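Asker: Give me a model of this one.
(2 chains, ligands or ions: 2)
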Amino acid sequence: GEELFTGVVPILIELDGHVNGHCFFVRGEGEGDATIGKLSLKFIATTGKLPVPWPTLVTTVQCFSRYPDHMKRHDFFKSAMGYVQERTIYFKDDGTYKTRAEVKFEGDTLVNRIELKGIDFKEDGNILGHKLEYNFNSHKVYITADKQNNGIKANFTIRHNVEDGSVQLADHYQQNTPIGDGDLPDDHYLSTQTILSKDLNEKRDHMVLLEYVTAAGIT
Amino acid sequence: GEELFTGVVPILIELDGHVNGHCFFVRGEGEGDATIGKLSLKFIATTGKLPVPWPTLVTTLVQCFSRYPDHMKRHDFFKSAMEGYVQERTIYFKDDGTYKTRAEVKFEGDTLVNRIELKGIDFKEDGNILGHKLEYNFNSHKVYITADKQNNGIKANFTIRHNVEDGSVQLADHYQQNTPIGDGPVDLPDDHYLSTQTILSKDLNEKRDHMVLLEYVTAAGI
Ligand SMILES: [Cu+2]
Ligand SMILES: [Cu+2]
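Answerer: Numbering: from 1, shown residues only, chains lettered A, B, ... in the order given. Ligands and ions are numbered 1, 2, ... in the order given. You can find the structure just below:
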């Protein structure tokens, strides 16, 4: 399973989005290696301007996260190889995201097909009002093991920067389970870093992504 | 599950829709009498004007409220699955794009829900569908139902007649498969059919793109 991430692997990402009766779709193309922990993706909104700000959709392909030589026994995301990634995103004082995504290989490209449903967001609120900065800070992904579902649970809170100077908290609860039968880890975490940019020659509503993710927690 | 449909039951309907790179969603609320075969629903396009004329969606947006007479109470697959069943369809529009449909129909307390997804493929620009050349009308149709021992469910085949502004007719071939969700004591039926009648109206005080529905469907063949 690990041997598939030895080098560059092309990425395909599709997102089915439904928030407060607004339907949108996002295509994601790019590359990424797990030896460095790098991701380079360009997301395109093929349905005009998004009804929600980009940074909220960032959180919803860990498998390209770098696991050091002494932690290679703890990468569920690679052992699967696919898995499904379910999430619930609690935006504080704001709506919520339910997310289900299948992540498997399709030949050369690694594919992440997503469906999300946004419920009870506030009009002229921080999300539906696009009062979010085009930013993203660094975060930790606290990962534990789940023997009951042969998978993994994880908890973290994302800090979205607001235009006024305050901070938005999007509490994330996620569950992952393998698709095919056939390695759960100990309590570790994934340190993440992210830059949001744009292609100056794309007229479509888009987002360029650069990520660096590594693991830690085990000496 | 006959006892559940004794009287009036509230209905909830949602349609996840994608047709030729265009996105839409539709909410449906209403009631239904299975003792009569009556349905009264009001659908709302929460996304604004659909990229597709309503009458092509009427077929895919709950065949449990159909009236099966007292001598046909052994042939209602739909009522008996209520856990619910999964209704899958493929709608071939003649000389036009097609529809692929999936839906889950189950009870969530008082109301009955169908959660539906659909994908539209290979439709023509300035066609009858994408060009909105269909009259806001509908005709009467028969639903021939057969048994599926292998998948423990049923199938159905029929062709829908959509009226065109030309005075012509746009055909839509429907193929469907139903399979129970929970392990069912549900009995399968002999070859029979449902006679359907639909009326599409508008709520005068609603500004959103919408459609009001009235349906009378009863079972026959025995
Ligand atoms: Cu709006
Ligand atoms: Cu959709």
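
Asker: what about stretch A:184-200, distance to the chain center?
Answerer: 8 Å (Cα atoms, centre = their mean, to the nearest Å).

Asker: Can you classify residue A:3 by secondary structure?
Answerer: Classification of residue A:3 using DSSP: H, G, I helix; E, B strand; the rest coil returns helix.

Asker: Give the buried residues for stretch A:161-171.
Answerer: For stretch A:161-171, a neighbour-count test (16 or more other Cβ atoms under 10 Å in any protein chain shown) marks A:161, A:168, A:170 as buried. C-beta coordinates here come from the backbone N, C-alpha and C atoms, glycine included.

Asker: can you pull the contacts of whatever residue of chain A ends up closest to chain B?
Answerer: Here chain A gets closest to chain B at one residue, residue A:21, 3.1 Å apart by Cβ to the nearest Cβ. By Cβ atoms under 8 Å, 6 or more residues apart in numbering or on different chains, the contact set of residue A:21 is B:25, B:27, B:46, B:47.

Asker: Repeat that for residue A:108.
Answerer: A:9, A:10.

Asker: count of neighbours near the closest residue to residue A:195 other than its chain neighbours?
Answerer: Leaving aside its sequence neighbours, residue A:195 sits nearest to residue A:210 (Cβ to Cβ, 6 or more residues apart in numbering or on different chains; 4.5 Å). Residues lying near residue A:210 (other Cβ atoms under 10 Å in any protein chain shown) number 14.

Asker: Tell me how far the strand or helix carrying residue A:210 lies from the chain's centre.
Answerer: In this assignment (DSSP states H and E), residue A:210 forms part of strand A:206-216. From the chain centre to the centre of strand A:206-216 is a distance of 9 Å (Cα atoms, centre = their mean).

Asker: on that earlier part again, what's across from the residue nearest to residue A:195 in the sheet?
Answerer: Beta-bridge pairing for residue A:210 (DSSP bridges): residue A:40, residue A:195.

Asker: Does it touch residue A:194 like I think?
Answerer: Yes - counting by Cβ atoms under 8 Å, residue A:210 does reach residue A:194; the two are 7.2 Å apart.

Asker: Contact partners for residue A:163?
Answerer: So residue A:163 contacts A:131, A:132, A:133 (Cβ under 8 Å, 6+ apart).

Asker: Kindly report the same for residue A:210.
Answerer: Neighbours of residue A:210 in contact, by Cβ under 8 Å, 6+ apart: A:38, A:39, A:40, A:194, A:195, A:197.

Asker: Can you select the buried ones among those for me in ChimeraX?
Answerer: The ChimeraX command for the buried members of the contacts of residue A:210 (criterion: 16+ other Cβ under 10 Å) is given here:
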select /A:38,39,194
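
Asker: Distance to ligand 2 for the contacts of residue A:210 - can I get that in CSV?
Answerer: Shown next, in CSV, are the contacts of residue A:210 (distance: Cβ to the ion, whole Å):
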residue, distance to ligand 2
A:38, 31
A:39, 25
A:40, 27
A:194, 26
A:195, 29
A:197, 27
